[PDB]
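Visitor: Test case, fold it:
(chains A, B, C, D, E and F, ligands or ions: 11)
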Amino acid sequence: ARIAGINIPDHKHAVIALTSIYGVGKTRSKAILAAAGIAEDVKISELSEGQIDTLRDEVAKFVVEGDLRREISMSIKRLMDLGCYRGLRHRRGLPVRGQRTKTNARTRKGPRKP
Amino acid sequence: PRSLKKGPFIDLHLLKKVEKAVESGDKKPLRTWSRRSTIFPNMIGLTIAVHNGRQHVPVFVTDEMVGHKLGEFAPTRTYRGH
Amino acid sequence: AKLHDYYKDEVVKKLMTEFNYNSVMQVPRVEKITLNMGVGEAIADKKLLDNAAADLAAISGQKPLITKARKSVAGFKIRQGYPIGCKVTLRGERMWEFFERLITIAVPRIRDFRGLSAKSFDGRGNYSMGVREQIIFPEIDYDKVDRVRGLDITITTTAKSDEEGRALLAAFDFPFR
Amino acid sequence: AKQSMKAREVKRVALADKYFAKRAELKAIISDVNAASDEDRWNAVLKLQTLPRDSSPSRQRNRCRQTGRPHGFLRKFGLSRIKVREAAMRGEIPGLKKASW
Amino acid sequence: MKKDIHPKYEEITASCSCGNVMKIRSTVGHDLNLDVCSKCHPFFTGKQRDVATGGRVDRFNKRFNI
RNA sequence: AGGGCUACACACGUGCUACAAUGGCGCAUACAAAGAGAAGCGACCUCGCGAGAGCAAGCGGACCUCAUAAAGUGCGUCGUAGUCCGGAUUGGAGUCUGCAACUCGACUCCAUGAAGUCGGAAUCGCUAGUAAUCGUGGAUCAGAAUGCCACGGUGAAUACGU
Ligand SMILES: [Mg+2]
Ligand SMILES: [Mg+2]
Ligand SMILES: [Mg+2]
Ligand SMILES: [Mg+2]
Ligand SMILES: [Mg+2]
Ligand SMILES: [Mg+2]
Ligand SMILES: [Mg+2]
Ligand SMILES: [Mg+2]
Ligand SMILES: [Mg+2]
Ligand SMILES: [Mg+2]
Ligand SMILES: [Zn+2]
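Guide: Numbers count the residues shown, from 1 in each chain, chains lettered A, B, ... in the order given. Ligands and ions are numbered 1, 2, ... in the order given. Find the structure here:
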């Protein structure tokens, strides 16, 4: 339970545990476990060292937590330093893809100020 | 976005202006209205003035602005605050 | 060491020819590179000074000295002797190593890089730059950095004049827009 | 509708019909993979641009044939909602009765 | 120099996209795989005489129709 | 021609989605009604994880297509946790319509995985195939619905009384 540099949980099935990797959801998790050949309903606790090692290799073949953070943050910074419309929206902390901001922009603006 | 089978989009007048500028032009910013035209690597190093509704904002092309149309870098709604 | 040897042979001989000197030691040698970060927000975020010191340690393999306020300034709300910055001085092999690292790795990574400002001499042949983004330096992790803060660098040189300093740096293959 | 919306739509219809079967073949050229995409498709895109915009059927608003109202149109009667109701209750629309089920 | 206050300043190999590989004593913790270096930068050798392996080709040249 | 009606320190109305286990997910299996179609619906076959793409018949329609109904039933799992609840935001990669999808379309894949733990003053609908929920169709429509108008599936509780 030390895949990709995190401490993926015990007592959870393989899919649910590998969901905890920042960059692996349900689909990528099941793809990794299928490539590794293990049944999907078995806990991480009862996975042997070699099986965990091939899981680590496949996760490394995919993108990992800190790496994914690095590219997503550089893409955001790329938008900002281009100063496109999306760069302006990211800088301002307003919705970027064209939602209404007269109302319903709270998840992007934070709670109401006054 | 625009599909791959159709290729990117660019206004033909913009193509002619950019081609003329790169082959025999270092004079003046290219006054363009096509906010819908994708940026190609031909217009690198140009300083084109793109319309945003009332005036032409200058935008200087850089190595990374690739899959962006000219309107991405021209604001249309001035807003200071409240 | 590599660019040190390149200096000692090629730059020494070509500058000798360029300046028509009588002695070898008359060629501009280099004393040091001083890297400063005038943090100036430690008052708000005291831990920002620690972050900057660790950051400078990452660029150059030296624990920085905490530069303290020379005297109290009411305009900037600083007192006398308050730790308002960090510095590292590199001279010798570590100087040369940071020098190759900078010139060959960090400089081309500058965002929209159009060369360096070709007029940044004090007046007797010592050069200086200010880099806006620390991220240009490969030693940065970009994940354990709270703020994208810049720094400034000063190559202090034995050059007799601005032209001698510029010639030395050009022999060292600087951009010089 | 000012007579000018009406004239505009009339010329849009005329221009779209007079360029029809050219825009269609250009769309086919852009769509079909079997046709060369290097230069032929590119020139097709450029020509499709150089064709006047009003020739596109997408610029049809389907105004009312009588009052040129843009909103409330119905294709079956070719009339706005209110003119449909007026003509219906007068009896000029065949087979139309106030439904109730 | 002083002991047990400086960071680790081990040797690393820095390889970039153009095939330039250089050995440098630095403080990173592992080998470096960068992209742009002295030789493979436009301004260094020819402002309009360089080729890239990034945005000008990757996102575009695999998709363009010209 | 472009921009704006899509601007956002804020308030309000009307809705959709949730806060979960009467449920989330995977597999198998059932049962509708009512509509629309020719510069349109578009089988089958092949391809793509998918949006969808190529070829391509039938149909002016009790004949062909849209069109795999969904809730449900059984099988397993999840185990009361902000979780396999939530899918809001955000990056990358795309499909289609259209001259063009950046301002400013909808969907598809991956990843990101917010508030929300049943909601104060107050306040709305409904007396039965009604409320509640489940899905399907239509007009508008090149593309663009949680809206509007229709259609069926399950299917209540209560009405002492003024
Ligand atoms: Mg994950
Ligand atoms: Mg609005
Ligand atoms: Mg229309
Ligand atoms: Mg009219
Ligand atoms: Mg107009
Ligand atoms: Mg939902
Ligand atoms: Mg019929
Ligand atoms: Mg949460
Ligand atoms: Mg979560
Ligand atoms: Mg009643
Ligand atoms: Zn290189």
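Visitor: need the longest helix for the chain.
Guide: With no chain named, the answer covers chain A. helix A:65-82 (DSSP state H).
Visitor: The intended chain is chain D.
Guide: helix D:4-18.
Visitor: Pull out the buried residues from that one.
Guide: For helix D:4-18, a neighbour-count test (16 or more other C-beta atoms under 10 Å in any protein chain shown) marks D:8, D:9, D:12, D:15, D:16 as buried. Just so you know, the C-beta spots here come from the backbone N, C-alpha and C atoms, and that holds for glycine as well.
Visitor: now stretch E:1-16
Guide: Buried residues in stretch E:1-16, counting neighbours by 16+ other C-beta under 10 Å, are found at E:7, E:9, E:12, E:14, E:16.
Visitor: Over to stretch D:66-83?
Guide: Buried-residue list, stretch D:66-83, by 16+ other C-beta under 10 Å: D:68, D:69, D:73, D:77, D:79, D:80, D:83.
Visitor: ok so, going back, helices and strands around the longest helix of chain A, which ones?
Guide: Applying 3 or more C-beta pairs under 8 Å, 6 or more residues apart in numbering or on different chains; DSSP states H and E, we find helix A:65-82 packed against helix A:85-92.
Visitor: quick one: is the very next helix or strand once past the helix it packs on near chain B?
Guide: Sequence-wise, the next helix or strand downstream of helix A:85-92 (DSSP states H and E) is helix A:106-109. No. On the criterion C-beta under 8 Å from any C-beta of the partner chain, helix A:106-109 is out of touch with chain B, staying 13.4 Å away.
Visitor: Please save the CA atoms from helix A:106-109 in PDB.
Guide: The C-alpha trace of helix A:106-109 is given here as PDB (Å, rounded to 0.1, in the frame of the first residue of the first chain):
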ATOM      1  CA  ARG A 106     -20.300  30.200  -6.100                       C
ATOM      2  CA  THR A 107     -18.000  27.200  -6.500                       C
ATOM      3  CA  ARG A 108     -15.700  29.500  -8.500                       C
ATOM      4  CA  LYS A 109     -16.100  32.800  -6.500                       C
END
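Visitor: Go ahead and name everything in contact with it.
Guide: A:93, A:94, A:95, A:99, A:101, A:112 (C-beta atoms under 8 Å, 6 or more residues apart in numbering or on different chains).
Visitor: Using the three-state scheme, assign residue 40.
Guide: Let's take chain A. Following DSSP: H, G, I helix; E, B strand; the rest coil, the label given to residue A:40 is coil.
Visitor: measure it to chain B for me?
Guide: 34 Å (C-beta to the nearest C-beta, to the nearest Å).
Visitor: Residue A:55 now?
Guide: According to C-beta to the nearest C-beta, residue A:55 stands 34 Å off from chain B.
Visitor: Next: residue A:114.
Guide: Distance, residue A:114 to chain B, using C-beta to the nearest C-beta: 11 Å.
Visitor: hang on, residue A:35 packs against residue A:57?
Guide: No. Checked against C-beta atoms under 8 Å, the pair residue A:35 and residue A:57 is beyond contact range at 9.6 Å.
Visitor: returning to that earlier point: for the buried residues of stretch E:1-16, give me TSV that also has distance to residue B:42.
Guide: Below are those laid out as TSV (distance: C-beta to C-beta, whole Å):
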residue	distance to residue B:42
E:7	46
E:9	46
E:12	39
E:14	33
E:16	27
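Visitor: Can you sort out which of those also neighbour chain C?
Guide: Applying C-beta under 8 Å from any C-beta to these, those adjacent to chain C are E:7, E:9, E:14.
Visitor: returning to that earlier point: among the buried residues of stretch D:66-83, which one sits closest to residue B:6?
Guide: Taking C-beta to C-beta as the measure, residue B:6 lies nearest residue D:73 of these, at 30.8 Å.
Visitor: The closest one bridge partners, please.
Guide: Taking DSSP bridges as the rule, residue D:73 bridges to residue D:80.
Visitor: Residue D:61 versus that one, what's the distance?
Guide: According to C-beta to C-beta, to the nearest Å, residue D:73 stands 8 Å off from residue D:61.
Visitor: Overlap in contacts, these two.
Guide: Joint contacts of residue D:73 and residue D:61 (C-beta under 8 Å, 6+ apart) do not exist.
Visitor: Relative to residue B:59, how far out is whichever residue of chain A sits closest to chain D?
Guide: Residue of chain A nearest chain D, by C-beta to the nearest C-beta: residue A:98 (21.1 Å). Counting by C-beta to C-beta, the separation of residue A:98 from residue B:59 is 21 Å.
Visitor: and what of residue C:44?
Guide: In terms of C-beta to C-beta, residue C:44 sits 36 Å off from residue B:59.
Visitor: did I read that right, residue C:10 in a helix?
Guide: Yes. Per three-state DSSP, residue C:10 lies within a helix segment.
Visitor: Any idea how many residues pack against the residue lying closest to residue D:22 once chain neighbours are set aside?
Guide: Closest residue in space to residue D:22, ignoring its immediate chain neighbours: residue D:51 at 7.0 Å, by C-beta to C-beta, 6 or more residues apart in numbering or on different chains. Residues near residue D:51, counting by other C-beta atoms under 10 Å in any protein chain shown, number 14.
Visitor: again, but for residue A:113
Guide: Neighbours of residue A:113 (other C-beta under 10 Å): 5.
Visitor: What of residue D:63?
Guide: If you count neighbours by other C-beta under 10 Å, residue D:63 ends up with 20.
Visitor: That'll do, ta.
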